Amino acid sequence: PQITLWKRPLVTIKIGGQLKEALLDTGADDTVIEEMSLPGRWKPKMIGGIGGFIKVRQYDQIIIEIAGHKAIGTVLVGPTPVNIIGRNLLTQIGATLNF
């Protein structure tokens, strides 16, 4: 599938067995998910955006499904306003920007 950008590119994801909505974000290096209970070991990290940095929990090797595609990689969990799928997982699902 090919998405225009007239609306936010929101898709369904599954993480921790839960369905959620998230933004496909080519401008994000990392994947940041809103506060949730997620099993697995983690470590503290800061991540930055406009407005400055926030403290998150970094979980490595998390299995996530993104619009039906399975990916495994690092997921950051913390007080983001919007769930973001960034380039570390967009590359694993084969997403590209075309134009």
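Counting begins at 1, following the sequence as shown.
- When the two stretches 25-33 and 41-49 are set side by side, the higher mean Cα temperature factor goes to 41-49.
- In this entry, the higher average B-factor at the C-alpha atoms falls on 67-75, of the pair 67-75 and 52-60.
- When the modelled residues of the chain are ordered by C-alpha B-factor, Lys14 sits in the middle third.
- Ranked by Cα temperature factor within the chain, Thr80 sits in the highest third according to the deposited record.
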